[PDB]
Structure formats: C-alpha cells, structure tokens
Ligand SMILES: O=C(O)[C@H]1CN(c2ncnc3[nH]c4cc(F)ccc4c23)CCO1
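Numbering (the entry's author numbering), first residue to last: 3 to 169.
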C-alpha cells in the first residue's frame with residue numbers, strides 16, 4: 003500500500019491521473035519524482051521549469067554543479083539528484099526531443115531508467131514541449147517499465163484521450 007490517490011489503473015504496474023506533477027509531488031512526497039530533463043539539466047520550461055520553480059531554483063543550482071563535475075547526460079540517460087521539497091529524490095531522465103530531431107527509438111532507453119526504482123511519480127517522457135506523441139509515449143512506458151509508475155498528466159483533455167485510446 004502506498005499514498006498515491008485517485009489514479010486509474012492501466013496495467014499491473016502503470017497508473018495514471020490528471021494532475022499537476024508539482025502539486026502531486028508536494029502532497030505525496032514520493033520517494034522518486036521524475037523530471038523531463040535535457041542533457042544540460044537546464045530546467046527552463048515544461049515539466050522541468052515547473053519542478054525547478056517549485057524548488058525556488060535549488061534544483062537548478064544543484065544541477066549546474068552536477069554538470070560542471072560530470073558533463074552532460076546522454077539522450078536516453080538519467081541521473082539521480084535531490085528531490086528538494088518535492089520528493090526524496092529526483093530522477094532526471096532525458097527523453098528524445100523531437101523538436102531537436104532526436105531519434106524517437108531512444109524513448110525506450112529513457113523509460114528503462116525507471117526500472118532502477120521500485121515506485122515513481124512521473125510525467126510522460128518526450129511529451130509536451132519535447133514534441134513526441136503522448137499516446138506513443140504511454141505505449142512505450144507500459145511496454146518498458148516493470149516497476150510501479152504513477153503518471154501525472156497535466157492537461158485534462160489529453161488525459162481523457164490517453165485513457166479512452168488505451169489498448
Ligand atoms: O510539458 C511537457 O514537457 C509535457 C508534460 N507536461 C506536464 N506533465 C505533467 N505535469 C505537468 N505540470 C506542468 C507544469 C508546467 F508549468 C508545464 C508542464 C507541466 C506538466 C505538460 C505536457 O507536456
């Protein structure tokens with residue numbers, strides 16, 4: 003038993019809700035919140051900008067130190083950093099950004115990072131400003147992640163389409 007509430011169960015291990023991940027993160031304090039990161043951990047907009055704003059820019063400060071030490075992530079890769087006031091940990095995961103021409107096949111590699119964590123609150127990778135089809139992202143999530151994932155979808159309209167078209 004865990005504290006996630008109001009989710010629709012899609013599969014054995016994947017759940018979904020119309021929610022603002024920032025507000026869901028502040029209420030659940032999950033062990034892991036996933037950020038829709040880029041390779042530079044520049045949290046300017048989308049989910050990343052919202053999560054970072056909710057940390058009063060502490061996420062960005064920590065991220066800049068991480069990059070200065072380690073260099074950029076790989077597309078499809080991840081790193082674990084602090085969850086600040088939102089979660090114990092933040093798993094920064096880089097999905098491919100279609101608006102940069104990145105290979106959508108890397109989306110599966112991106113979701114594989116979730117399997118290193120037993121339970122996660124997450125957005126749909128490569129959705130929103132990353133330009134991928136959220137219905138495809140949900141399919142890859144379901145077919146790749148084996149650990150327990152609670153997907154927060156900000157847009158109510160989108161959420162209804164994802165549920166209604168789910169196979
Ligand atoms: O923007 C993207 O990268 C993806 C995923 N994204 C989200 N998904 C779940 N919760 C979200 N809270 C937000 C607050 C914001 F200010 C901006 C985006 C979100 C958001 C929105 C749709 O497309």
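The C-beta atom is built at its ideal place from N, Cα and C for all residues, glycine as well.
Task: Residue range of the beta strand (DSSP E) that includes residue 139 - done: Taking the chain shown and counting its residues from 1, the one referred to as residue 139 is at position 137. Residue 139 -> not in any beta strand (DSSP E); alpha helix (DSSP H) instead, spanning 136–146.
TODO: State the start and end residues of the unbroken alpha helix (DSSP H) segment that holds residue 54.
DONE: Within the chain shown, numbered from 1, the residue matching residue 54 stands at position 52. Where residue 54 is concerned, the enclosing alpha helix (DSSP H) stretches over 48–56.
Open item on the list: I need the straight-line Cα distance from residue 94 to residue 85, nearest angstrom please.
Closed with: On the chain shown, residue 94 is found 92 positions in, with the first residue counted as 1. On the chain shown, residue 85 is found 83 positions in, with the first residue counted as 1. Taking the straight line from one Cα to the other gives about 10 angstroms.
TODO: Below 8 angstroms on the Cβ atoms is my guess for residue 155 versus residue 20; work out the distance and round it to an integer in Å.
DONE: Mapped onto the chain shown, residue 155 falls at position 153. Mapped onto the chain shown, residue 20 falls at position 18. Right, the Cβ-Cβ distance comes to about 6 angstroms (below 8 angstroms), so this counts as a contact.
Open item on the list: Could you tell me the alpha carbon to alpha carbon distance between residue 126 and residue 42, rounded to whole angstroms?
Closed with: Against the chain shown, residue 126 aligns to sequence position 124. Against the chain shown, residue 42 aligns to sequence position 40. Distance between the alpha carbons of residue 126 and residue 42: 19 angstroms.
- [ ] Using the Cα positions of residue 70 and residue 77, report the straight-line distance between them to the nearest angstrom.
- [x] Working through the chain shown from its first residue, we reach residue 70 at position 68. Working through the chain shown from its first residue, we reach residue 77 at position 75. Each residue's alpha carbon lies about 18 angstroms from the other.
Open item on the list: One question on the structure: do residue 140 and residue 128 come within less than 8 angstroms of each other, judged by their Cβ atoms?
Closed with: Along the chain shown, one-based indexing puts residue 140 at 138. Along the chain shown, one-based indexing puts residue 128 at 126. Not a contact, by the Cβ cut-off of 8 angstroms.
TODO: Report yes if the CB atom of residue 27 is closer than 8 angstroms to the CB atom of residue 124, and no otherwise.
DONE: On the chain shown, residue 27 is found 25 positions in, with the first residue counted as 1. On the chain shown, residue 124 is found 122 positions in, with the first residue counted as 1. No, Cβ-Cβ distance for residue 27 and residue 124 is not below 8 angstroms.
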